[PDB]
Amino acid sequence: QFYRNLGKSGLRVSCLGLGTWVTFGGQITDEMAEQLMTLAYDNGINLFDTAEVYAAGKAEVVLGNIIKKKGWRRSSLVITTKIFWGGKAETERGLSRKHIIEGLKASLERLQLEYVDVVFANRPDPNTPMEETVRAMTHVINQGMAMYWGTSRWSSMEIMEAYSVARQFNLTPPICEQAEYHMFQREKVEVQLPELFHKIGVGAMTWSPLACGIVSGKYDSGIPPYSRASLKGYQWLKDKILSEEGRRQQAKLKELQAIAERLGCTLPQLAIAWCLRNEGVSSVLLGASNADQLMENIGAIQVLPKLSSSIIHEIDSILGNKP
């Protein structure tokens, strides 16, 4: 099924989405951004993710411009944005009512949209009571600025707290968690999220399926120019890649590449298909700095049929990290 429900909700998303972290308003030109969105949409992708923090609001401006220039029906799109870091002032960050309302409004203005389909808490906020946050998310939904809301990088326990508060005060529960998932980061999505889906219907929209591009194997011989790890502000990622653990995972990619070759697909295709083997994952958010990557990555769908129980066991043997 190319389209599936986002969690237990009635919202149907393509099993792949396109995100805008690093790229839109940042690494890539607005023309390249339009090309990516066009290729995505034309291949049936309906799901597009952004954040007020991405390129200091510029990702939102670019994405919104593209939607307006292309004239696509709003009802054919699922646009998601994430709130937490909205500026340098003390009151421009967090999940307070003030910042959720203010942040979402400013995002909608940059997007040139009346609403997003899903507004996410971009991370948890230990400085704001959960009740305030859930009331605030309910309020923006009830005011028609969002259709639904979700969490990102919250613990299962914090998600269930949101649910508890919604049920105690008759507010709207979140429908999705946006969680990291790839071959080297599996536990939350494979173990915790299933339990949460079965108990309160929260779905999983996953991110960094290539671990920021590491899974492509491109860092085998160091840091290529123009790679994410080469860019100003991503020394943290350069450090991860060049860590002992980074090199240990690079070694595993060589073994995985052999499986890809046998399937006649690329390692990224294999890695993204692997993420979707899981029917509990509603959608995998793709990142791409160029159209060739995006077109390749969308081919992961054609790999899904080849992912037998024996291939999956072979991958688990290589990775050594089944949770």
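Residue numbers here begin at 1 and follow the sequence given.
Selected stretch [higher average CA B-factor]: 137 to 145 or 232 to 240: The stretch with the larger average C-alpha B-factor is 232 to 240.
(message) So, looking at the entry's B-factor column for Cα atoms, which has the higher mean, 187 to 195 or 146 to 154?
(response) The stretch with the larger average C-alpha B-factor is 187 to 195.
Member of 52, 292, 49, 30 with the greatest C-alpha B factor (per the PDB record):
Of 52, 292, 49, 30, 30 has the highest C-alpha B-factor.
Subject >> residue 245, C-alpha B-factor rank within chain (lowest, middle or highest third) >> reply: Ranked within chain, residue 245 CA B lands in the highest tercile.
Report the third (lowest, middle or highest) to which the CA temperature factor of residue 251 belongs, ranking only the modelled residues of the same chain.
It falls in the top third of the chain.
Q: Just say lowest, middle or highest third for the CA B-factor of residue 66 relative to the other modelled residues in its chain.
A: Its C-alpha B-factor, which the entry lists for residue 66, ranks in the lowest third among residues of this chain.
Among the chain's modelled residues, which third holds the C-alpha B-factor of residue 225? CA B-factor rank for residue 225: highest third.
Could you say whether, by C-alpha temperature factor, residue 86 belongs to the lowest, middle or highest third of its chain?
Residue 86: CA B-factor falls in the highest third of its chain.
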